[PDB]
Amino acid sequence: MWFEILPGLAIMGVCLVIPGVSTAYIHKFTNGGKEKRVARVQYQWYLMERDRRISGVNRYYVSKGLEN
Amino acid sequence: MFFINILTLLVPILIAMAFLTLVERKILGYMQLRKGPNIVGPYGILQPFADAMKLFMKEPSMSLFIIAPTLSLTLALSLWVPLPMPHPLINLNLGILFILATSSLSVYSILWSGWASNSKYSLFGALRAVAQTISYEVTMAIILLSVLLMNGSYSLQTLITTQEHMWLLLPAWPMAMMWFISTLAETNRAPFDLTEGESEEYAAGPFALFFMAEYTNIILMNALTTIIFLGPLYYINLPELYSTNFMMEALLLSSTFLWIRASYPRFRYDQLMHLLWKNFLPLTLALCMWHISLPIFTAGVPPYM
Amino acid sequence: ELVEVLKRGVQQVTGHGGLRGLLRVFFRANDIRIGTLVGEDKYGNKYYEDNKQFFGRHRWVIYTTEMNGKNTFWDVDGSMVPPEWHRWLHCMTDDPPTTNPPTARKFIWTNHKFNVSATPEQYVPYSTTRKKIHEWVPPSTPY
Amino acid sequence: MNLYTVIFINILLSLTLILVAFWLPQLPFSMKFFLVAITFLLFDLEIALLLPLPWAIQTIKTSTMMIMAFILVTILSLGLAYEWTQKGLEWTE
Amino acid sequence: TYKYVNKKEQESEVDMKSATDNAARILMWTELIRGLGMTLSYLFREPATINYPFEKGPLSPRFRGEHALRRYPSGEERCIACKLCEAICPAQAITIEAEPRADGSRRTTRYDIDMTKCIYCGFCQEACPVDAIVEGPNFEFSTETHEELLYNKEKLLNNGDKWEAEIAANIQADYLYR
Amino acid sequence: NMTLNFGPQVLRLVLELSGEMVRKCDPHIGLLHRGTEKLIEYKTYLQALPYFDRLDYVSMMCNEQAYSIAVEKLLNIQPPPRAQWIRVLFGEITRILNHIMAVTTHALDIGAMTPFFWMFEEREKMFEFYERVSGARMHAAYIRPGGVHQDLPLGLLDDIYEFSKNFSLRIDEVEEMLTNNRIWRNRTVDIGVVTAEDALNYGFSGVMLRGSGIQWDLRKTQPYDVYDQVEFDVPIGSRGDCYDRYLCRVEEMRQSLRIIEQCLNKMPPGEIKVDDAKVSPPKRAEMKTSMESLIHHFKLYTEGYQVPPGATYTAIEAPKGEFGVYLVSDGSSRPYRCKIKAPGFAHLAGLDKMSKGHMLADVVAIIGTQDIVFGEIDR
Amino acid sequence: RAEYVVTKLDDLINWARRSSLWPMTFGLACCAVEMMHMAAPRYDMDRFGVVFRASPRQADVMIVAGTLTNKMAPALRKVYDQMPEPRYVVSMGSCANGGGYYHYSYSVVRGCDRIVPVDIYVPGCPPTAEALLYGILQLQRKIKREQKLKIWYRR
Ligand code: SF4
Ligand code: SF4
Ligand code: SF4
């Protein structure tokens, strides 16, 4: 009966769920636990290039704090 | 990293398109009271690979012959790039306009196929389908131009933070009743699949490519609905939950398409263009004016970061 | 009222000869339904009945692996059904041989035969008659 | 670079598929159509004019944007209704 | 006693209520949704499908398929060359050539059929006064060549000596009706 | 003028087009002609029926019945009551079969393909009945001159009742999908609009008439069987469109059950084949014991039963219309001419007028209404 | 090895051309109601990965069903030439195997095996959809018993 379509429904479900979590976890692994910043404007890009310049490593996924 | 992500975005969607062909066959069979494929493998999870091997086994201007299907498929795959699930692969302001462009283009393939095939028979249907697709993409664009005024940005992330509290269907359903239909024309699905109903030149391989892109566009328009008019739950700690609810609603719409394909007859071309030009375009313009006034005789004028 | 269905499903699973038999069946004949066994031919063909299902599906059959020097685990026809059961299987009657055996007669084919399409023991046509017109058999001496 | 990568990848995948396909085995006019294409143009141009609302709305001259939008929409509808009444949407030859 | 379809019992009204219902059904698509509901209903039902090689459809003893000559319980044949099958076969399919038999009795030497012409009607088993030839139930004798279907006396005899364990019961049930 | 050909997707059409609308539609018949009326003359009156089953292949029994009735009008006899009733029964079952196939192929050629698969189960049930009675699925030799071949086994009536108990619900569940769907209403309405005078002239029959207001049914009039006994209300339409025709077909589907109910509840006992052994063969027990019955068996089955020189024109209300037979005969078993009259012929003669001014994808709906079958047409 | 895996590859590609079967249902006459009854629920052609209907240019098998006259022969040979290799054929009925009840007529092709080749035959007037399935399975086996790669690798 109608309980024979699940072996395709669940398949499509998992294979449409994989890309989202893939992207999220991958962005997070790269940028160190925090998501990938976005720049709809020049303001955020200025912030990002500033953090890049002061990272001491030339990468922006480093937030310093008050110990600088 | 990035190549890994593109693989995660391209391989699983092809897998899902295959198993979507399967699901179509099964649900149509169960609505016509029969089973559907249950033999090639357990409950029919190998028929798609069987079809692939068979097609690539079948024997048959090379320029058009190749560029048309390739173009269509590449567009259909690129359409996926800018989607949020929940954080996208490529955050693009104007993403939905990029979507509309790359969805409209395939008309070039449809048209080159005809202009190559000398068959007057072929140009007949080519012109007809091209015209219907064009005319429905018009409204497909105006609906967005009338809704997105709720979030003053053509982005696709802002949709989510917007729908945080409520959805986008309780309002704007005079549109969803359309955006859930034009999607049945650009895709040349039913009840507007006349382009495959009246037949009197696609070989095996290029046919496989055309069909791949067709069902990809199916999945993608359904995802666009699930994102726009059926806002999921964006609790930042649960991107998994977002993706999961998105999956659910996409499957629901993709089975609604099949309810339709099974139940209804097909539209006579003239009746169809009448439908559009004399029922949807006036309503569409008036509703766009309505949603233009709403943020003026109400404080609800949204921001632009 | 779903655990009844679930228990039905699990006893359906286990009814077969464990995982191995379940796999043999669920990969040869794509069914798992459990039902009574009433008869068993001499080749291995195991028949089954379940009179709570609808029509045409209340009887069924599990064929034999090897039949007359042949490997029929995958290869499976519908002509491998011997007649004295074929009749019932096709819904012509309601009493199997164990309670309605046939007439014990000779000159009947004991070892049934699967279909003979292109095998080297297939069928061909010919004439079953002698020569209508005889002829002259000349001598073997010169004059 | 990212979109370049993605697009090259998609194109190369499609071409691998088609190369597999190729290796593994071894008229009068209808004025109505032109009129419809023309309607499509004269609407896409309206679309180009009309898209910028999500940024024209956050300005201060609401009394101007509201008006100009209504104007465009209503005059376009007038042209549409005239085309209809003069039988550009009938298809019977 | 005629009738009238597609016609109202009288002229309709212009009630705002009737116009309202009309407008609703024209906008929100009530009837289309009802059709979708019906399809859902049939989706949630049992399918009439069956596995052919492991389940075979129903029939009745009166089937008409593969052919079969027959025998008495004493081994002897039943055909005596009465030729009714030849003179009644609508297709002229059958071909017979009879002769004596060294034991003095009467019998055949050629009883050939072309199952490409045989329309599977029943006239031969109706005419045969001795029930010799009986169009049988076997419908699985599809082949790969057009010469496994020009059956002859020996193939028919084999089919009889094979299926006689079923035709006996079939006829024992059916004959009274005829 | 873009004149083109059109085939399957037998139906070879040549469309003289103008843009998108039509100007002319010339069919090209003959793709299914064989030699029925050139073979019969070389045969008897009892190895001809198969031809009349193969003709209008859907029903087959409202055709065997026509042949039987012609032969009987020639032989100046009648069959018995049980035979007449059984024959009415199967006539109605065939009305149902043909209406189903017309409806569903209409909806299929349009694109709606679910009711096809739905009703084909019930069609399989009817075929189970044909099997229980005749022996084969479709092309049964059951109905024969001088009555019928065999009586009814002892497990049929109950099944027929149990099937009629549900066919109505299935019909309603298909109506729910179609008879109100605006899409079907727009595919069919104002199509194939016809006027009574031109229908009569062109020679239309049956539904193509009574969907245009006319009152003509060869069962109420020219009653060939017991149809004068039972009640069955005839449907008609006022407009004359494919919608009205569809609705006529469905209403006939229903009145056919209104008939079957009474056929069942009044079927009498008795015989099947008239006991005139010079015409219909006798039972086998007598064929074997007695002698004269054996002689008559022999003669019937080598030299068909002689027929006196006459000529007739019968008629039936087959699913479509005036299935007619002009059967000429010399004083011999081998007849001299058997002209069939199948309505598809005139339906095509009127297609070129029903398709003047309508678009390209309405020819299909026209043909669906006409229920075109080509076996009956080519002859 | 080489020959072993070559045989296995041929068996797999035969698996494909055996499951993904698409017919052109060239049904002229009353051997057609039975194709339709077969694609109907109770036997469900599709179950074996065999679609109800489909155009030639993408089809693999071709089911002839009905009298094959001298006006619809040309079209048939045209279709069988247009179709793409491989192209399997299935004759379904007396009329199309030996001209059936119309053998001795003047406007019949006394056998579709004259116009076109054949890989399977089926008797009937009509047949039974069950016998038709049996013919199609005989066809699946006539496929599974092919050794193209072996004959090439030993050409
Ligand atoms: S069944 Fe009919 S057609 Fe076939 S051999 Fe017998 S008499 Fe001839
Ligand atoms: S009717 Fe019977 S006995 Fe007479 S020739 Fe034919 S098979 Fe022989
Ligand atoms: S063999 Fe019989 S059923 Fe088949 S097409 Fe010919 S007449 Fe019709």
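Calculation criteria
- Residues numbered from 1 in each chain as written, not as in the entry; some residues may be left out.
- Chains lettered and ligands numbered in written order.
- Part of a larger assembly, values for the part shown.
- Heavy atoms only, no water.
- Residues with missing side-chain atoms left out of burial classes, pairs and counts.
- Helix = DSSP H or I, 4+ residues; strand = E, 2+ residues; numbered from the N terminus.
- Rg over C-alpha atoms; globule rule 2.2 N^0.38 Å.
- Buried < 20%, exposed > 50% of the residue type's maximum accessible area, 1.4 Å probe, protein only.
- Contact = heavy atoms within 4.5 Å.
- Areas by Shrake-Rupley, 256 points an atom, 1.4 Å probe, with all protein chains shown as cover.
- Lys, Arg positive; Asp, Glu negative; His and termini not counted.
- Charge placed at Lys NZ, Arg CZ, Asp CG, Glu CD.
- Near = heavy atom within 4 Å.
- Nonpolar A, V, L, I, M, F, W, Y, C, P; charged D, E, K, R; others polar.
- Pairing = 2+ DSSP bridges.
- Buried area = accessible area lost by both parts, 1.4 Å probe.
- Salt bridge = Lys/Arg side-chain N within 4 Å of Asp/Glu carboxyl O.
- Polar contact = N/O pair within 3.5 Å; in protein donor to acceptor, adjacent residues only side chain to side chain.
- UniProt positions renumbered as here; feature names shortened; annotations may be inferred.
- Expected span 1.5 Å × (residues − 1).
- Axes fitted to C-alpha atoms, helices over the stretch in contact; angles between N-to-C directions.
- Core = buried A, V, L, I, M, F, W, Y, C linked by side-chain atoms within 4.5 Å.
- Parallel < 35°, antiparallel > 145°, perpendicular 65-115°, else oblique.
- Left-handed = near helix turned anticlockwise from the far one by under 90°.
- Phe/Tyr/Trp six-rings, centres within 6.5 Å; stacked < 30°, edge-to-face > 60°.
- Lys NZ or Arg CZ within 6 Å of the ring centre and 35° of its normal.

(A) Examining the overall build of chain C more closely. Each helix and strand counted, chain C has 3 helices and 2 strands in total. Ordering the α and β elements of chain C from the N terminus gives α-α-β-β-α. A compact globule built from 143 residues would reach a C-alpha radius of gyration of about 15 Å, whereas chain C, at 25 Å, exceeds it by more than 25%. Along the longest, intermediate and shortest principal axes, the C-alpha atoms of chain C span 105 × 30 × 25 Å. Burial analysis of chain C (143 residues in total) assigns 38% to the buried set. Relative to all contacts within chain C whose residues are 6 or more apart in sequence, the contacts with residues 24 or more apart total 40%.

(B) View of the overall build of chain B. Regarding its fold elements, chain B presents 11 helices and 0 strands. Listed by position from the N terminus, the elements making up chain B come as α-α-α-α-α-α-α-α-α-α-α. The C-alpha radius of gyration of chain B comes to 20 Å, within 12% of the 19 Å expected for a compact globule of 305 residues. When the backbone C-alpha atoms are referred to their principal axes, chain B occupies close to 65 × 45 × 45 Å. Taken as a whole, chain B presents about 10500 Å² of accessible surface, with 72% of it coming from carbon and sulfur. Considering chain B, the positive charge centre built from 13 side chains and the negative charge centre built from 15 side chains are found 10 Å apart.

(C) Structural detail: the site of ligand 3. As a structural note, the neighbourhood of ligand 3 is formed by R54 of chain F together with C30, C31, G66, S94, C95, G124, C125 and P126 of chain G. Site remark: ligand 3 is flanked by residues from chains F and G. Considered class by class, the residues forming the shell around ligand 3 number 5 nonpolar, 3 polar and 1 charged.

(D) Representation of the pairing of strand β3 (residues 21-27) of chain F in the model. Residues and elements named next belong to chain F. By the bridge criterion, 6 bridges tie strand β2 (residues 13-18) to β3 in an arrangement that is antiparallel. Bridge assignment links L13 to a residue of β3, and that residue is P27. Hairpin connection, β2 to β3: the antiparallel pair is bridged by 2 residues, and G19 has positive phi, about 80 degrees.

(E) The arrangement of the interface of chain G and chain C in detail. Counting residues at the interface gives 5 residues for chain G and 9 residues for chain C. For the pairing of chain G and chain C, the buried interface totals around 540 Å² over both sides, and the portion due to carbon and sulfur atoms is 38%. The three residues of chain G that bury the most area against chain C are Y134, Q138 and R141 of chain G, which together make up 65% of that side's buried surface. Linking chain G to chain C there are 1 salt bridge. On inspection of chain G and its partner chain C, the count reaches 4 residue pairs in polar contact.

(F) Region of the structure containing the environment of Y108 of chain B. Mapped onto the elements, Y108 of chain B comes out in helix α5 (residues 107-116). Through-space distance from the C-alpha of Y108 of chain B to that of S72 of chain B is 8.7 Å; in sequence the pair is 36 residues apart.

(G) Summary view of the interface of chain E and chain F. Across the boundary between the two partners, chain E contributes 44 residues, which contact 56 residues of chain F. Interface of chain E and chain F: buried area, both sides summed, is about 4500 Å²; carbon and sulfur atoms make up 52% of it. Applying the counting rule to chain E against chain F returns 5 salt bridges. Linking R144 of chain F and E126 of chain E is a salt bridge whose minimum nitrogen-to-oxygen distance equals 2.5 Å.

(H) Just the UniProt feature "transmembrane region" in chain B, in detail. Residue and element names in this part refer to chain B. The UniProt feature table records "transmembrane region" at residues 2-22, 64-84, 94-114, 130-150, 165-185, 218-238, 240-260 and 280-300. End-to-end, the C-alpha atoms of residues 2-22 are 31 Å apart, and along that stretch the chain is 100% helix and 0% strand. The straight-line gap between the two end C-alpha atoms of residues 240-260 is 31 Å; of that span, 100% is helix and 0% is strand.

(I) Expanded view of helix α1 (residues 2-23) of chain D. Helix length check: α1 of chain D, at 22 residues, gives a terminal C-alpha distance of 31 Å against a target of 32 Å (1.5 Å per residue), a fit within 8%. Taken together, the buried positions of α1 of chain D are occupied by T5, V6, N10, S14, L17, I18 and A21 of chain D. At its buried positions, α1 of chain D is contacted by α1 (2-31), α2 (47-57), α3 (62-78) and α9 (204-228) of chain B.

(J) The sheet that holds strand β3 (residues 88-91) of chain G, seen in detail. Residue and element names in this part refer to chain G. Ordered by their spatial adjacency, 3 strands build an open sheet running β1-β2-β3, and the pairing between neighbours is parallel. What marks the edges here is a single partner per strand, and that holds for β1 (23-27) and β3. The mean angle between the axes of side-by-side strands here comes to 15 degrees, regardless of whether they run parallel or antiparallel. As defined by bridge partners, strand β2 (residues 61-65) adjoins β3 across 4 bridges and the pair is classed as parallel. Bridging from a neighbouring strand, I63 pairs with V90 of β3. Across the sheet, helix α3 (residues 73-82) lies against β1, β2 and β3, angled at about 165 degrees from β2, the strand it touches most.

(K) How the structure looks around the nonpolar core. Ranked by internal contacts, the top residues of the largest apolar core, which has 338 residues, are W80 of chain B, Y111 of chain E together with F52, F90 and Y142 of chain F. With residues up to four places along the chain from it excluded, the contact list for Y111 of chain E reads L69, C85, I94, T95, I96, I133, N152, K153 and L156 of chain E. Listed in part, the 14 residues of the second largest apolar core include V61, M80 and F114 of chain C together with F54 of chain E.

(L) The arrangement of the arrangement of the chains in detail. For chain D and chain E, which are not in contact, the least C-alpha distance works out to 21 Å. Between chain D and chain G there is no contact, and the shortest C-alpha to C-alpha separation is 10 Å.

(M) Main features of the side chain of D131 of chain E. As for its placement among the helices and strands, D131 of chain E is situated in the loop between α4 (123-127) and α5 (153-174). Engagement of the side chain of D131 of chain E in a polar contact is seen with the side chain of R284 of chain F, the distance being 2.9 Å. The contacts of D131 of chain E, once residues within four sequence positions are left out, are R70, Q125 and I171 of chain E together with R284 and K288 of chain F.

(N) Structural detail: the packing of α1 of chain B against α1 of chain D. Interhelical geometry of α1 of chain B versus α1 of chain D gives an angle of 50 degrees and a closest axis separation of 11 Å. The pairing of α1 of chain B with α1 of chain D is recorded here as oblique in orientation. As for the relative orientation of α1 of chain B and α1 of chain D, their crossing is right-handed in sense. Residue-level inspection shows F2, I6 and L10 of chain B of α1 of chain B in contact with α1 of chain D, the latter providing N2, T5, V6, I9, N10 and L13 of chain D.

(O) Highlighting the packing of helix α6 (residues 120-147) of chain B against helix α11 (residues 269-293) of chain B. Residue and element names in this part refer to chain B. As a packed pair, α6 and α11 sit with axes 10 Å apart at the nearest point and diverge in direction by 15 degrees. As far as their axial angle goes, α11 and α6 are roughly parallel. As α6 packs across α11, the resulting crossing turns out to be left-handed. When α6 is examined against α11, the residues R128, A131, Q132, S135, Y136, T139, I142, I143 and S146 are found in contact with a partner set consisting of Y269, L272, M273, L275, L276, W277, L281, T284, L287, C288 and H291. Residue composition of the contact of α6 with α11, by class: 13 nonpolar, 6 polar and 1 charged.

(P) Geometry of unusual backbone geometry. At the junction of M85 of chain B and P86 of chain B, the peptide bond is cis and its omega measures out at -5 degrees in the coordinates. Secondary-structure assignment places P86 of chain B in the loop between α3 and α4 (95-104). In the Ramachandran plot, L94 of chain B falls in the positive-phi region, its phi being about 75 degrees despite a non-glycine side chain. Within the secondary structure layout, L94 of chain B lies in the loop between α3 and α4. One non-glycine residue, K83 of chain E, lies in the positive phi region at around 65 degrees. The residue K83 of chain E is located in the loop between α2 (30-43) and α3 (84-88) in this model. Under the relative-accessibility criterion, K83 of chain E is labelled partly exposed at 31%.

(Q) Summary view of the pattern of salt bridges. This structure, assessed with the given rule, holds 70 salt bridges over all chains. Across the pair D103 of chain E and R101 of chain E runs a salt bridge, and its minimum N-O distance is 2.5 Å. Classification of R101 of chain E by relative accessible area gives partly exposed; the value is 28%. The network of salt bridges with shared partners includes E92, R95, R210, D217, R219, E252 and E317 of chain F.

(R) Highlighting the packing of aromatic side chains. Taken as a whole and assessed by the stated rule, the structure comprises 50 aromatic pairs over all chains. An angle of 40 degrees between the planes, with centres 5.8 Å apart, marks the rings of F116 of chain F and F52 of chain G as tilted. With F116 of chain F in helix α5 (residues 114-133) and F52 of chain G in the loop between α2 (33-39) and β2, this residue pair bridges two chains. Grouping residues by exposure puts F116 of chain F and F52 of chain G together as buried. Ring geometry for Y202 of chain F against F204 of chain F: centres 6.2 Å apart, planes inclined by 90 degrees, an arrangement best described as edge-to-face. Assessed through its relative accessible area of 29%, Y202 of chain F is described here as partly exposed. Its relative accessible area of 7% is what places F204 of chain F among the buried residues. Taken together, the ring pairs in this structure connect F207, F211 and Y215 of chain B together with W22 of chain G into an aromatic cluster. Between the NZ or CZ atom of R219 of chain F and the centre of the ring of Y227 of chain F, over which it lies, the distance is 5.7 Å.

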